[PDB]
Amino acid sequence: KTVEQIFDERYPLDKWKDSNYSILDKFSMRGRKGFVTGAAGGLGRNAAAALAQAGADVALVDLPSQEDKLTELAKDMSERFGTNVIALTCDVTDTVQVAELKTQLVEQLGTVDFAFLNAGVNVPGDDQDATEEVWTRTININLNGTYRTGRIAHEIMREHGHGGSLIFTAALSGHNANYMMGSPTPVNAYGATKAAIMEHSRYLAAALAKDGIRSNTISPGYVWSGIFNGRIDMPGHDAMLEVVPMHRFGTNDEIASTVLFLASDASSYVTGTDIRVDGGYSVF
């Protein structure tokens, strides 16, 4: 029937039988623009760098204090991959800076096709006796900060009248209390925010599907991004990887490839789900 002809047109079965078509083209980010938060840190800058090499304009977003490190990273990535990689400072806990970041993203870059909302922090003393300061500091940065930065991203997309890809950095702390030889790590408030970020991403996926916007999370395990260099002896290293079958820390590049996949058309039917990158931690 015409009903079957409609389905056969809507859903092509074998694009690989077109000479001009390639499955590798899906991982391209050419003619696309977006921003990366916490882009001074290992996961942020490496993710941004991977998106730039795929051929995307990337605004490197981090604290005002990182302005110098941002602008030189923005310059290095620009000359390396011949892309418009700019630097924009914004404290994500300050609404005024977030409101002004929205303005500069649209003006300096052009639009937002993707957003890697990676900015986050683990506060010391984040255990069962996490104080009001330790609790609220984590909630204000991880949950409220992300929400705001996530909001301006999908605000621009709808206002510009096109789709896009939201990638929120969660954690296994959002799934499990991180195991350390009988006792858990201090990730009480930290885990709560990442679990909140996860179900937030899931809601936006459901709500913004009609707008052509996908929303997914990456839950990295132990990744050696530079966060705690010279702050973990090999006794600690080998002790931490007890419960990681692969018995090694992840690297920034192994997260960068996952961000690329979620940002690109390779994941065009992936929304409202999580991709764990933990070397099999979640199995235990």
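In case it trips you up, residue 1 is the first one in the sequence shown, and so on.
Q: Which wins on mean Cα temperature factor, 268 to 276 or 9 to 17?
A: Between 9 to 17 and 268 to 276, it is 9 to 17 that shows the higher mean C-alpha B-factor.
Q: Comparing 247 to 255 with 66 to 74, which has the greater mean CA B-factor as deposited?
A: According to the entry, 66 to 74 carries the higher average C-alpha B-factor.
Q: From 149, 89, 118, 201, which pick has the Cα B-factor that tops the rest in the entry?
A: Each of 149, 89, 118, 201 was compared by C-alpha B-factor; the highest is 89.
Q: Going by the entry, which of 180, 123, 209, 166 has the most elevated CA B factor?
A: Each of 180, 123, 209, 166 was compared by C-alpha B-factor; the highest is 180.
Q: For residue 218, return the chain-relative third of its C-alpha B-factor as stated in the PDB record: lowest, middle or highest.
A: Lowest third, going by the recorded CA B-factors of the chain.
Q: Lowest, middle or highest third: where is residue 205 by C-alpha B factor in its chain?
A: For residue 205, whose C-alpha B-factor we compare with every modelled residue in the chain, the answer is the lowest third.
Q: Classify residue 80 as lowest, middle or highest third according to the C-alpha B-factor given in the PDB entry, relative to its own chain.
A: Within its chain, residue 80 is a highest-third residue by C-alpha B-factor, going by the deposited values.
Q: Taking the values exactly as deposited, rank residue 153 by C-alpha B-factor within its chain and report the matching third: lowest, middle or highest.
A: For residue 153, whose C-alpha B-factor we compare with every modelled residue in the chain, the answer is the middle third.
Q: Check where residue 105 lands among this chain's C-alpha B-factors and tell me if it's the lowest, middle or highest third.
A: Highest third.
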